[PDB]
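*Asks:* Got a structure here, written out as C-alpha cells. Questions coming.
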Amino acid sequence: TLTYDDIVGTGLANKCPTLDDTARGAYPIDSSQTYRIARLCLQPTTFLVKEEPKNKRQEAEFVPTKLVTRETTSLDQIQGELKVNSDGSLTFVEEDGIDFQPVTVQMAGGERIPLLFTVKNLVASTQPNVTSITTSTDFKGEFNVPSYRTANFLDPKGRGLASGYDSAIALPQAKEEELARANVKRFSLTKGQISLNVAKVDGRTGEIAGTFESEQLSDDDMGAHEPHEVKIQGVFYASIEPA
Amino acid sequence: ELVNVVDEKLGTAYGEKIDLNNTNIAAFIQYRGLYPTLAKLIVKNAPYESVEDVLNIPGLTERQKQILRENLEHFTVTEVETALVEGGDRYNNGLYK
Amino acid sequence: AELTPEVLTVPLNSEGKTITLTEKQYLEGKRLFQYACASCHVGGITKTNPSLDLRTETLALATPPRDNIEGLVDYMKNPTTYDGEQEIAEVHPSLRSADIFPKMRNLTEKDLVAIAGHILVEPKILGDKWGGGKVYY
Amino acid sequence: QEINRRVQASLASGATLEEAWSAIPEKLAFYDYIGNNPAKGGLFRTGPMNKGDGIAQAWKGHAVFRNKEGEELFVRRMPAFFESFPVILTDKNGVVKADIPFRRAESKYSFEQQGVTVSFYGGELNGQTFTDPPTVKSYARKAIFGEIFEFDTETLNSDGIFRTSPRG
Amino acid sequence: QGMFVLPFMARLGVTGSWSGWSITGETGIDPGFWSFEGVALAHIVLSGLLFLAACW
Ligand code: CLA
Ligand code: HEM
Ligand SMILES: CC1=C(/C=C/C(C)=C/C=C/C(C)=C/C=C/C=C(C)/C=C/C=C(C)/C=C/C2=C(C)CCCC2(C)C)C(C)(C)CCC1
Ligand SMILES: CC1=C(/C=C/C(C)=C/C=CC(/C)=C/C=C/C=C(C)/C=C/C=C(C)/C=C/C2=C(C)CCCC2(C)C)C(C)(C)CCC1
Ligand SMILES: [Ca+2]
Ligand SMILES: [Ca+2]
Ligand SMILES: [Cl-]
Numbered sequence: 004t005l006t007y008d009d010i011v012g013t014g015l016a017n018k019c020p021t022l023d024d025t026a027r028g029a030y031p032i033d034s035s036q037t038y039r040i041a042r043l044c045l046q047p048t049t050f051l052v053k054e055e056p057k058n059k060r061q062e063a064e065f066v067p068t069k070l071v072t073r074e075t076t077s078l079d080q081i082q083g084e085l086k087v088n089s090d091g092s093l094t095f096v097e098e099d100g101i102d103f104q105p106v107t108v109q110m111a112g113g114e115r116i117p118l119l120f121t122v123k124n125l126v127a128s129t130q131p132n133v134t135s136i137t138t139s140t141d142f143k144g145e146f147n148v149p150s151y152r153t154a155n156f157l158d159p160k161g162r163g164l165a166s167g168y169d170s171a172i173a174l175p176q177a178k179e180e181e182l183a184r185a186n187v188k189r190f191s192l193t194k195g196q197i198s199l200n201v202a203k204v205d206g207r208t209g210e211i212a213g214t215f216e217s218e219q220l221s222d223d224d225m226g227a228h229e230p231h232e233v234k235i236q237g238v239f240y241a242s243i244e245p246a
Numbered sequence: 008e009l010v011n012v013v014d015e016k017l018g019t020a021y022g023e024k025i026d027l028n029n030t031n032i033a034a035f036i037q038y039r040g041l042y043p044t045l046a047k048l049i050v051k052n053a054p055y056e057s058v059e060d061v062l063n064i065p066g067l068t069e070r071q072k073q074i075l076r077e078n079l080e081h082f083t084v085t086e087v088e089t090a091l092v093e094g095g096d097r098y099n100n101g102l103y104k
Numbered sequence: 001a002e003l004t005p006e007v008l009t010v011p012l013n014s015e016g017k018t019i020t021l022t023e024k025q026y027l028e029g030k031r032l033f034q035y036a037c038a039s040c041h042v043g044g045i046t047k048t049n050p051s052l053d054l055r056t057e058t059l060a061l062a063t064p065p066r067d068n069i070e071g072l073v074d075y076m077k078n079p080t081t082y083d084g085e086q087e088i089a090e091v092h093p094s095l096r097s098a099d100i101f102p103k104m105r106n107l108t109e110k111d112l113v114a115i116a117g118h119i120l121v122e123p124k125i126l127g128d129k130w131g132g133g134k135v136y137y
Numbered sequence: 282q283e284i285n286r287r288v289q290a291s292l293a294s295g296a297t298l299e300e301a302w303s304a305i306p307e308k309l310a311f312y313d314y315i316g317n318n319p320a321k322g323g324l325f326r327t328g329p330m331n332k333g334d335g336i337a338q339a340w341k342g343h344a345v346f347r348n349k350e351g352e353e354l355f356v357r358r359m360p361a362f363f364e365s366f367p368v369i370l371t372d373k374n375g376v377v378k379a380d381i382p383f384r385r386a387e388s389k390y391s392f393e394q395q396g397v398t399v400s401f402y403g404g405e406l407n408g409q410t411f412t413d414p415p416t417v418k419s420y421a422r423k424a425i426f427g428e429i430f431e432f433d434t435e436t437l438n439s440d441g442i443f444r445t446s447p448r449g
Numbered sequence: 058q059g060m061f062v063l064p065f066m067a068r069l070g071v072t073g074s075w076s077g078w079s080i081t082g083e084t085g086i087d088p089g090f091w092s093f094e095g096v097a098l099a100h101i102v103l104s105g106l107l108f109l110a111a112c113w
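Those protein sequences? They're chains o, u, v, b and B, same order as listed. Converting from the first sequence to the deposited numbering requires adding 3 to each position, the first position being numbered 1. Converting from the second sequence to the deposited numbering requires adding 7 to each position, the first position being numbered 1. Position 28 (the third sequence) corresponds to 28 in the deposited numbering; numbering is contiguous. Converting from the fourth sequence to the deposited numbering requires adding 281 to each position, the first position being numbered 1. Converting from the fifth sequence to the deposited numbering requires adding 57 to each position, the first position being numbered 1.
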C-alpha cells in the first residue's frame, strides 16, 4: 500500500486506479438494495478538437492536440447514487466530487483550446436488465458544461460579468456597437455526452474499470468567440457499493 | 442583442430582496436568526417556485419555521441565473470585506 | 473632538440600561482586544470569516443580541453562531475554552467587560472604518 | 455654469424644459465636454482630436437622469487626472442614488435596482426617454464626459482615445 | 499567399512545422528538427558562422 510520499510528484496522483487482466467477472445487482458509486475516476489520455471547416462544408474531423497544462487533467473522488430502475437498467446520478478540470490543449499551428473538462451533474444509464455489471455493461449519459470562467472573471481590460467594467474604458469615445460582444460578458451553459465502456470487473470488491469517450464544447471566453467541439478519450474506474 | 444578465437581474426583485434561488449566502446575515443554519438549508434546498416553499424544507424545527415566516417579507424568488449559482458562488462569491 | 463620557456610555443590556466607561477602562479594553482578539478582529472585521464583523448593527442582529455589554461578555464566555444555534467555544476563544485558547486563561470578568466596552465604543469613534475593512482604511 | 445660467433664465421666462435646452447653442454645449479638454491627451497619441473621439456631428442634447421615484440624478464628472472613471450618480445634495457596480453580488445602487432612466432635452434626442438599463448606462458613461455628442468615427478610423489640442 | 521560399522547402521534402501542421493539410505530425522553422534557424546559424569565418 502506498503513501503520499511514495506518490508525490511521480504523476501517479493523476492516474486512475487500474485492475489486472484477471478481473473479468460480474458484480451481482440486487434490485431490492440501494447502490452508490463511492469513487468515480476519469483519466483522459487523448484530447481531440473538431477542426473548423474550411468552407467546403464536408465532414470536419477531430484532430489530435498537445496537452500543455501537464498532469492536471483527471476527474476523481466523484460519488453519487446508482439507481436500479424498474426496467432493470442502472442510472448513475452524480452528486459531488472533483468533477471538473480546466484543460488547455494546443492545436497544430499554435491555437490553444481551453476547455472545462467535466462531468458535472452527470446522469448516465445502462441498457435494461442489468442483473450483473459485466464487461458487457456500459453507461451512456449527459452532463452540464458551465462557462469555463465564472461570473467574477475579469478580462485584461477589467471587464467582467458579475464584476468589472461594462465598457472599453481605454477607448472612452469609441462607438460601442462594434465592441458589444467584448463588452457584454455572457455565461455559457451547454450539454455534454459521455460513454463509459466497462472493460474489467471485480465481482467481489465491486470495482469496475474501462474506457470512456466524452463530447463537449470548449471555452467560449464568456461569449467573445465561438467554442470548439472537443472529444475526450481515456480510462475510468468506479467502485460500486451497497449504501 | 447582448445583455449582461447579472445587471439585468438587479432590475428584478433580486435587486431588492434576498433571492432564495440566486443570492449569495452572506446576505442572510442581514436579518436575525437566518445565518448560518437556515441559510445553509435554504441554499441547499433551492430553487423554489415561490417564497412560501421555503417552509417545506425537511427536518425544520417549529422555531425555524417561525423565523422563516417572520422573514418571508424579506425574501423573493426569480429564475435561477446560472452565472450566479455556478462555481459554488452562492457559498463564496469572491467578496469579502 | 474628545473622548467624552457620552462617547464612553454604551448599552449595558437590551433593556435600556447603559454604563459609562472610564478612560482607563477604554484603554484597557483596547489593550486586551489587541491581546486576545485583534489577530483576527483588527479594525472590527473577522479575517477567518469576513462575512461576520463587529459593527454595532450586526451585533444587534445576532442571536442572542450582542450589541451590549452583557451580550458580548456572554459571547466571550460561551460563543455562538450568529443565530445562536450551535456553541462554538471549541473553535473560538472563550473562558470556556481557555484550556485550548491559552490567552483567555488570565482574562478576568473586568477584562471581558473592558473588551466588550472597546468593541462597542470603537465604532462610535471610527464609524464606517470599524468593520469596514480595507475599503475604509 | 454658463449653460445652467442660460437654461434657468429660459425657464424663468416661461420656457418649457425642452425649449430652454434647445436654445443652448451647440458650440457652447461642445465646450462643456472633456474630449476638448487639452489635459486629456497623450504624448504618443498623435494627430488631430478628431482621430480620437471622432469628428463631432451634433449635440445629442442634455441628459437628465432620474430614479424610479422621479428624483433627478447627477452623474459625477471625470476629473482630468483620470484615464478612466467610475459611473456614479448622486442627488442634488451629493447623496449616492445610483452607480455602475464593479462587483454585483452586494450591489445596492445598480441602475436596474434604482430604475434609472434618462430623458434628453435639446439636441438630436430632444424629447426622448430611455428606460432600458443598457442604454441608460451607455448615456451615463457618456455623461461622465459632460455633454454628449454624436461622432463620425469612420471617416478617420478614429480609435476612441482622447488626444490633446494645439493648445496642449 | 505570396509564398516564395516555402515552395522550395516543400519541393525537397520539408513539409511540416514544429507547431504540428503540414502543407498537405495533416495534423499532429512530428516533422522532427527539419521543419520550416528548423531550416530557417539552420540558415541563420550558418549565416553567423560564415560571418565569423569572413572576419578571420
Ligand atoms: C512648435 C512645434 C510644433 C507643434 C506644437 C506642432 C503641433 C501640431 N502639429 Mg506639427 N509639425 C511641426 C512642429 C510642431 N507641430 C514641424 C516642425 C513639422 C514639420 C516636420 C510638423 C509637421 C506636422 C504635420 C505633418 C502634422 C502636424 C500636426 C500637428 C498637430 C499634431 C501634434 C502631434 O501629434 O505631435 C506628436 C508629437 C510627438 C509624438 C512628440 C515627439 C517627441 C520626439 C520624438 C522626442 C525626441 C526625443 C529625442 C530623440 C531624445 C534625444 C536624447 C539625447 C539628447 C540624449 C499638432 C497640432 C498634424 C496635424 O494634425 O495637422 C493637421 C499633422 O498632420 N505637424
Ligand atoms: C476575546 C477574543 C474575541 C472576541 C471577544 C471576539 C468577538 C467576537 C464576536 C462578538 C463575534 C460575534 C460576531 C457577530 O455576531 O457579528 C465574533 C465572531 C467570530 N469570531 Fe471572534 N472575537 C475574539 C477572537 C477571535 C479569534 C482569536 C478568532 C479566530 C481564531 C475569532 C474568530 C471568529 C469567528 C470565526 C466568528 C464567527 C463564527 C461563526 O459565527 O460561525 N474571534 N467574535
Ligand atoms: C522597407 C521596404 C520593404 C522591406 C525592405 C528590406 C527589408 C531591405 C532589407 C535588405 C537588407 C537587410 C540588405 C542586405 C545586406 C549586406 C550588405 C550590402 C552589407 C555587407 C558586407 C560587407 C560590406 C561586410 C564587410 C566584412 C566585415 C564585416 C568583416 C570582415 C570581412 C568583410 C570586410 C567582408 C519592402 C522592400 C519589402 C517593401 C518596400 C519598402
Ligand atoms: C555535415 C553535417 C551538416 C552539414 C554542416 C555545415 C554545412 C557545416 C558548416 C560549418 C561552418 C560554416 C563553420 C564556420 C567557421 C570558422 C570558425 C570556427 C569561426 C571563426 C574566426 C575567428 C577565430 C575570428 C576571430 C576574430 C574575429 C571575431 C574578429 C576580428 C579578429 C579575429 C579574426 C581574430 C548537416 C547540417 C547537413 C547535417 C549532418 C551532416
Ligand atoms: Ca465492454
Ligand atoms: Ca473602427
Ligand atoms: Cl456587511
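Built from N, CA and C at the ideal position, the CB exists for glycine as well.
#1: Out of b:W340, b:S303, b:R286, which has the shortest C-alpha to C-alpha gap to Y312 of chain b?
#2: State buried or exposed for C112 of chain B, treating a residue as buried only when at least 16 other CB atoms are found within 10 Å of its CB.
#3: Once you ignore the five residues that flank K72 of chain u on each side, which residues in its own chain have a CB closer than 8 Å to its CB?
#4: How big is the Cα-Cα spacing for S89 of chain o and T121 of chain o?
#5: Go ahead and pull the three-state DSSP assignment for residue 228 of chain b.
#6: So, helix, strand or coil for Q282 of chain b, using DSSP?
#7: How is the beta strand (DSSP E) around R162 of chain o delimited, first residue to last?
#8: What is the residue span of the beta strand (DSSP E) that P245 of chain o lies within?
#9: Compare the C-beta of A386 of chain b with all C-beta atoms of chain o and state if any pair is closer than 8 Å.
#10: Between which two residues does the alpha helix (DSSP H) containing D8 of chain o stretch?
#11: Kindly confirm or deny that the segment 111 to 120 of chain o and the segment 217 to 226 of chain o touch, where touching means at least three C-beta pairs closer than 8 Å.
#12: Please work out which residues of its chain come closer than 6 Å, Cβ to Cβ, to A241 of chain o, disregarding the five sequence neighbours upstream and downstream, and give them in chain order.
#13: Relative to the alpha-carbon of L69 of chain B, which residue among B:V102, B:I80, B:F108, B:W75 has its alpha-carbon at the smallest distance?
#14: According to the neighbour-count rule (16 or more other Cβ atoms, all chains shown, within 10 Å of its Cβ), is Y151 of chain o buried or exposed?
#15: Going by DSSP, what residue range makes up the alpha helix (DSSP H) through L174 of chain o?
#16: Answer yes or no: does any C-beta atom of chain u fall closer than 8 Å to that of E393 of chain b?
#17: Whole angstroms is fine: what's the gap from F362 of chain b's alpha carbon to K321 of chain b's?
#18: Classify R444 of chain b as buried or exposed, calling it buried when 16 or more other Cβ atoms lie within 10 Å of its own Cβ.
#19: What separation, rounded to the nearest whole angstrom, lies between the Cα atoms of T81 of chain v and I88 of chain v?
#20: Within the same chain, show all residues whose beta-carbon is closer than 6 Å to that of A116 of chain v, passing over the 5 residues directly before and after it, in chain order.
#21: Mapping the DSSP letters down to three states, classify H343 of chain b as helix, strand or coil.
#22: Does the Cβ of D128 of chain v lie closer than 7 Å to at least one heavy atom of ligand 7?
#23: Report the start-end ranges of each beta strand (DSSP E) in the segment 382 to 439 of chain b that is 3 residues or longer and not cut off at the edges.
#24: Is it right to say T48 of chain v is buried, meaning 16 or more other beta carbons lie within 10 angstroms of its own, or is it exposed?
#25: Could you tell me whether the Cβ atoms of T72 of chain o and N17 of chain o are closer together than 8 Å?
#26: Find the residues of chain b that neighbour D169 of chain o, judging by a C-beta separation of less than 7 Å, and give them in chain order.
#27: Would you call the segment 431 to 441 of chain b and the segment 44 to 53 of chain u touching, i.e. three or more CB-CB distances under 8 Å?
#28: Using a C-beta cutoff of 8 Å, does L102 of chain u count as contacting chain b?
#29: Could you check where the alpha helix (DSSP H) with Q58 of chain B kicks off and where it finishes?
#30: By DSSP, does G195 of chain o sit in helix, in strand, or in coil?
#31: What does the Cβ neighbour count give for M60 of chain B, buried or exposed, with the cut at 16 atoms within 10 Å?
#32: Does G404 of chain b have its Cβ less than 8 Å from a Cβ in chain o?
#33: Is the CB of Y82 of chain v under 8 Å away from at least one CB in chain u?
#34: Here's the rule: buried if 16 or more other CB atoms are within 10 angstroms of the residue's CB, otherwise exposed. What is residue 251 of chain o?
#35: Since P50 of chain v is in the beta strand (DSSP E), which residue starts that stretch and which ends it?
#36: Output the boundary residues of the alpha helix (DSSP H) element that contains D111 of chain v.
*Replies:* Taking the coordinates as given:
#1: Closest option to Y312 of chain b, Cα to Cα, is b:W340.
#2: Looking at its Cβ environment, which holds fewer than 16 other Cβ atoms inside 10 Å, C112 of chain B is exposed.
#3: If the five residues before and after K72 of chain u are omitted, its C-beta is found closer than 8 Å to the C-beta atoms of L62, all from its own chain and listed in chain order.
#4: Per the coordinates, the alpha-carbon of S89 of chain o lies some 29 Å from the alpha-carbon of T121 of chain o.
#5: The structure shown does not extend to residue 228 of chain b, since chain b is modelled only from 282 through 449, so no value can be given for it.
#6: Reduced to three states, the DSSP call for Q282 of chain b is coil.
#7: From DSSP, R162 of chain o is part of no beta strand (DSSP E); its letter is neither H nor E.
#8: That run of the beta strand (DSSP E) goes 232 to 245.
#9: At least one CB of chain o lies nearer than 8 Å to the CB of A386 of chain b.
#10: For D8 of chain o, the uninterrupted alpha helix (DSSP H) segment begins and ends at 7 to 10.
#11: In short, these stretches touch, since the Cβ pair count reaches three.
#12: Taken in chain order, the residues that qualify are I40, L43, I211.
#13: Checking every option, the nearest Cα to that of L69 of chain B belongs to B:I80.
#14: Per the 10 Å Cβ criterion, buried.
#15: Taken as a continuous stretch (DSSP letters only), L174 of chain o belongs to no alpha helix (DSSP H), as it is neither H nor E.
#16: Yes, its Cβ sits closer than 8 Å to a Cβ of chain u.
#17: Taking the straight line from one Cα to the other gives about 8 Å.
#18: By the 16-neighbour rule on beta-carbons within 10 angstroms, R444 of chain b is buried.
#19: Roughly 7 Å separates the two Cα atoms.
#20: Excluding positions up to five away in sequence, the list reads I69, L72, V73.
#21: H343 of chain b sits in a strand when the DSSP states are folded into three classes.
#22: At a cut-off of 7 Å, the beta-carbon of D128 of chain v does not count as near ligand 7: no heavy atom of the ligand is closer than that.
#23: For the beta strand (DSSP E) assignment, the uninterrupted runs of no fewer than 3 residues enclosed by the segment 382 to 439 of chain b are, from N- to C-terminal side, 398 to 402, 429 to 433.
#24: Counting Cβ neighbours within 10 Å, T48 of chain v comes out exposed, since fewer than 16 surround it.
#25: Remark: C-beta atoms of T72 of chain o and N17 of chain o do not approach each other more closely than 8 Å.
#26: Here the neighbours are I381, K418.
#27: No: the two stretches stay apart, fewer than three of their Cβ pairs being nearer than 8 Å.
#28: Closer than 8 Å: yes.
#29: Element bounds for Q58 of chain B: n/a, residue is neither H nor E.
#30: In the three-state reduction of the DSSP assignment, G195 of chain o falls in the strand class.
#31: Under this definition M60 of chain B is an exposed residue.
#32: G404 of chain b does not count as touching chain o.
#33: Judged by the 8 Å Cβ criterion, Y82 of chain v is in contact with chain u.
#34: Residue 251 of chain o is absent from the structure shown; chain o starts at 4 and stops at 246.
#35: Where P50 of chain v is concerned, there is no enclosing beta strand (DSSP E), given that its DSSP letter is neither H nor E.
#36: Per DSSP, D111 of chain v belongs to the alpha helix (DSSP H) from 109 to 126.
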